[PDB]
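Just so it is clear, none of the values below were taken in a lab; they were calculated from the coordinates. Note: ideal-geometry Cβ built from the backbone for every residue, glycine included; neighbour counts use all protein chains shown.
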Amino acid sequence: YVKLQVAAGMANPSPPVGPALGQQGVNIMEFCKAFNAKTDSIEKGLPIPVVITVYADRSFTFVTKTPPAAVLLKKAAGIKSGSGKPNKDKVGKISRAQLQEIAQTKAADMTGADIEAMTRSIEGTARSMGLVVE
Amino acid sequence: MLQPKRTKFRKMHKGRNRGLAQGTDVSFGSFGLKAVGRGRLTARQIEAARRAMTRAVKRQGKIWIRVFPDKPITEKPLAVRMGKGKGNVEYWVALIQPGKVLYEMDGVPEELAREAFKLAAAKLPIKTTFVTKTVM
Amino acid sequence: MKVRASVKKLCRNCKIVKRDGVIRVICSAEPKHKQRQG
Amino acid sequence: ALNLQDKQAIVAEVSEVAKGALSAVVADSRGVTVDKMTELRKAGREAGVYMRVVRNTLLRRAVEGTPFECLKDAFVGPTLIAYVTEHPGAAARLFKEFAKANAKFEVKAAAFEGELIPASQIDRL
Amino acid sequence: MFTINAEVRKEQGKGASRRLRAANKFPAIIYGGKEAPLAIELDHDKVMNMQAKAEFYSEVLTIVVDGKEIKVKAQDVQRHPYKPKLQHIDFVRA
RNA sequence: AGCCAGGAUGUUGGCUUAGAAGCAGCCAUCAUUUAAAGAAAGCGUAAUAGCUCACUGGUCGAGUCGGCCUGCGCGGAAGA
Ligand SMILES: [Mg+2]
Ligand SMILES: [Mg+2]
Ligand SMILES: [Mg+2]
Ligand SMILES: [Mg+2]
Ligand SMILES: [Mg+2]
Ligand SMILES: [Mg+2]
Ligand SMILES: [Mg+2]
Ligand SMILES: [Mg+2]
Ligand SMILES: [Mg+2]
Ligand SMILES: [Zn+2]
């Protein structure tokens, strides 16, 4: 029962993926290319989280979830890297429509009651990496 | 290390340390280190201490030093008989009577200040306590 | 056994005791915190 | 912690949703993750259900606010109450399937009409 | 509101004062106004815990002396040099 | 105080790094479901995982916490 964050159409380098979930009994290339077959639709350069579920027989089922609050906030403000000094140094900007798009993606991925709760959790990740909401 | 820029006379009578202190109260900072016991503070002591509580506050808030080492102490060196004058001037001291306020402090959290003052007092010869400025 | 005239709690698991008229500091966690007064 | 004023206000909020609520279900909350509990909180805000874990001797003071007083012996043991403010049922049908899904805790005693319902007959709701 | 109970001082001087302070009581005074001064004694503890609030210094308090209140303010107070103690209090008639 | 239970999502917050995922280091430290759950008080990893803590519900059943001021004692305390 492991989790990783893997770039869009990508898999099977040695340090990020193979050892981590490969010491758990998982076949590495089925995860790799069924995850690049599922996440071929995610834009190039966004890490997308993947939850791997392993069973006593090593046959696994993974739910690929929507890209992180921090990655959809990197892309919706246009930027590459967020702030090394958040809310002191501010690195980009998103109007409330992008807070709400990222929070519809994460409306599929949150615990929130309303799209205002998911927009507010994406508001929180918007204040975390320094980005301004405008 | 504190010491009078220039003096009227070079040497002094041993004098006594008697009676109680003036400046019993904290007139600048919110907190102060008061002396309970009676003794002489060399400049070295005061300096080391001021250092201690300067490390302790990470150079924040503010620190006053209310005491000054203005009276010169002498010593004849080893292997020297009595007489032949008064000894040479070794170092400087401040006479301390019970209830003087050695350092004042403010712009800091109280807890932190009690701490810094414990660390400051580790370097001092005499019995000391923590105190707060009051209204009247 | 740090043997000294000022003995203290060096963490949250250190527990002070007086055994046979000696003040010691006993730790479960850290053998290095074992102290006696003297 | 909680001041007496804190406890007083909270007794007023439980008594206030208790007056407004159509039906309630008391259950054991022990031995279940906050993941499945936020799952029954989503399945709660979706069913109109008001979910709570409240102190026992606090809930004797709030339930003295009537007509749930048949539940004051159901407060021995950890207490998680589901008030359905919208619809009756949808708490009692959701809890049996959540406790059979988890196979943890209990779901002990319900209350409707002013009477208490024993554990195997909560299938009435 | 602060109410301080007190007695009239039958004695004076350094000796009286230090016997007062030994007994866990302390001397204070009430002056100001048309009247004559009134020297009184107090319980060290009550007042020490009472001036442990700030308003004590900014406010009109009352002093119960032989059945009779007076309304006063805190004028100045001399404290023992290193000890958590009070040597004396100047009360000015309010 | 003990003992049962949980210590959640966004999320591996961004920075940085071959790796930093609460726990090298730099900066922010928000919001959600909340009974409660620090962008985490320590052990832990190549980095994770793994282990307690803060915090809260349960059982328990009446006093408990730590400063202040003093009285008398303990250690500090070895020599022909
Ligand atoms: Mg003289
Ligand atoms: Mg003078
Ligand atoms: Mg023995
Ligand atoms: Mg006379
Ligand atoms: Mg005399
Ligand atoms: Mg307890
Ligand atoms: Mg008490
Ligand atoms: Mg001895
Ligand atoms: Mg020996
Ligand atoms: Zn220890």
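Once the Kirkwood radius over Cα pairs is known for the stretch A:1-65, the Stokes-Einstein relation at 25 °C and 0.890 mPa s delivers a diffusion coefficient of 210 µm²/s.
Taking θ as phi - 60° and the Karplus parameters 6.51, -1.76 and 1.60, the scalar couplings of the stretch B:127-135 work out to 4, 9, 9, 8, 8, 10, 4, 10, 7 Hz in sequence order, x denoting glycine and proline. Between the residues B:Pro125, B:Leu78, B:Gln45, the greatest Cα displacement towards the positive end of the dipole of the stretch B:31-132, with unit charges on the Cβ of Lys, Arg, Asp and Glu, is found for B:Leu78. Note on the stretch A:1-65: with charges restricted to the Cβ of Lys and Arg (+1) and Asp and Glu (-1), its dipole about the Cα centre is near 80 debye. Taking every Cα-Cα distance in the stretch B:22-136 and sorting them into 5 Å bins starting at zero, the pair-distance distribution P(r) comes out as 2, 12, 21, 20, 16, 10, 6, 5, 4, 3, 1, 0 percent.
Would you tell me the mean number of C-beta atoms belonging to other protein chains that fall within 10 Å of each C-beta in B:127-136, as a whole number? Could the numbers behind the result be given before it?
Details: counts 1, 1, 3, 0, 2, 0, 0, 6, 7, 11.
Counting other chains' Cβ atoms within 10 Å and averaging over B:127-136 gives 3.
Bridgeable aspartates and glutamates around E:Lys46 (alpha carbons under 20 Å apart, same-chain partners fewer than 8 residues away excluded): E:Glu7, E:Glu55, E:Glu59, E:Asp66, E:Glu69, E:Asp76, E:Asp90.
Of B:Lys127/E:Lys14; C:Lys15/D:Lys7; C:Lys15/E:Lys83, which ones are farther than 30 Å apart at the Cα?
Numbers: B:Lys127/E:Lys14 28 Å; C:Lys15/D:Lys7 36 Å; C:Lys15/E:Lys83 33 Å.
C:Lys15/D:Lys7; C:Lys15/E:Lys83, as the Cα separations exceed 30 Å there.
Rg and Dmax, both from the Cα atoms of the protein assembly as shown and both in Å, are 37.4, 114.
Note on the stretch A:66-134: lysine pairs with Cα distance below 16 Å, sequence gap of 8 or more or different chains, count 10. Amide H contacts of A:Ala7 (H built 1.01 Å from N, in plane; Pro and chain starts excluded): A:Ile48 sit under 5 Å, all sequence-distant by 5 or more or on other chains. The stretch D:4-35 and the stretch D:50-69 have Cα centres spaced 6 Å apart. You can think of it this way: the chain between B:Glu110 and B:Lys133 has 7.1 nm of extra reach, that is 0.36 nm per residue less the Cα-Cα gap. Dipole of the stretch A:66-134 computed with +1 at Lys/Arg Cβ and -1 at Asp/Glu Cβ about the Cα centre; of A:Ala108, A:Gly130, A:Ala76, farthest Cα towards the positive end is A:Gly130.
Between the Cα long axis of helix B:110-121 and the first principal axis of chain B there is an angle of about 10°, rounded to the nearest 10. Amide H to amide H, with H built 1.01 Å from N, B:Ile65 comes under 5 Å of B:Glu104, counting only residues 5 or more places away or on other chains. For B:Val26, the residues 5 or more places off, or on other chains, whose built amide H falls under 5 Å of its own are B:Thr134.
Could you tell me the calculated FRET efficiency between A:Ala117 and E:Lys83, based on Cβ-Cβ distance and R0 = 60 angstrom, to the nearest 0.05? Could the numbers behind the result be given before it?
Working: r = 59 Å, r/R0 = 0.98.
Approximately 0.55, to the nearest 0.05.
Packing, as the average of other Cβ atoms within 10 Å across residues, places the peptides B:40-52, A:86-98 in the order B:40-52, A:86-98, highest first.
If you fit an axis through the alpha-carbon atoms of helix B:43-56 and take the longest principal axis of the Cα set of chain B, what angle between them do you get, 0 to 90°, nearest 10? Orientation of helix B:43-56: about 20 degrees from the principal axis. Modelled spin-label separation between D:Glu69 and D:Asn56, with each label point placed 7 Å from Cα along the Cα-to-Cβ direction: 2.1 nm. Each residue, B:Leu20 and A:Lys85, gets one label point 7 Å from its Cα in the Cβ direction; the gap between the two is 5.3 nm. For D:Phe105, neighbours were defined as the other residues whose beta-carbon sits under 12 Å from its Cβ, and their charges (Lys and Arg +1, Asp and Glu -1) total +4. Compactness of chain A is given as radius of gyration and Dmax, 16.4, 50 Å, from Cα positions.
The charge dipole of chain D, taken about the Cα centre with unit charges on the Cβ atoms of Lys, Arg (+1) and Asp, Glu (-1), comes to about 300 debye, rounded to the nearest 20. With N counted as the residues of the stretch A:66-134, its alpha-carbon radius of gyration over 2.2 N^0.38 Å works out to 0.99.
Dipole magnitude for the protein assembly as shown: computed about the Cα centre from +1 point charges on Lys and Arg Cβ and -1 point charges on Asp and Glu Cβ, it is near 5220 debye. Full extension of the segment from A:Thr53 to A:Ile28, taken as 0.36 nm per residue of separation minus the current Cα-Cα distance, would add 7.7 nm. Site pair B:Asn88 and C:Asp20 shows an inter-label distance of 5.6 nm when each label is modelled 7 Å from Cα along Cα→Cβ. Among the listed pairs D:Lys72/D:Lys104; B:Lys14/B:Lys100; B:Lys133/C:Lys2, which are separated by more than 29 Å between their Cα atoms? Among D:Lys72/D:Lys104; B:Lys14/B:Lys100; B:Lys133/C:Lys2, the Cα-Cα distance tops 29 Å for B:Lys133/C:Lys2. Counting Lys and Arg as +1 and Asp and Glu as -1 over every other residue whose Cβ lies under 10 Å from the Cβ of A:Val91, the net charge comes to +4.
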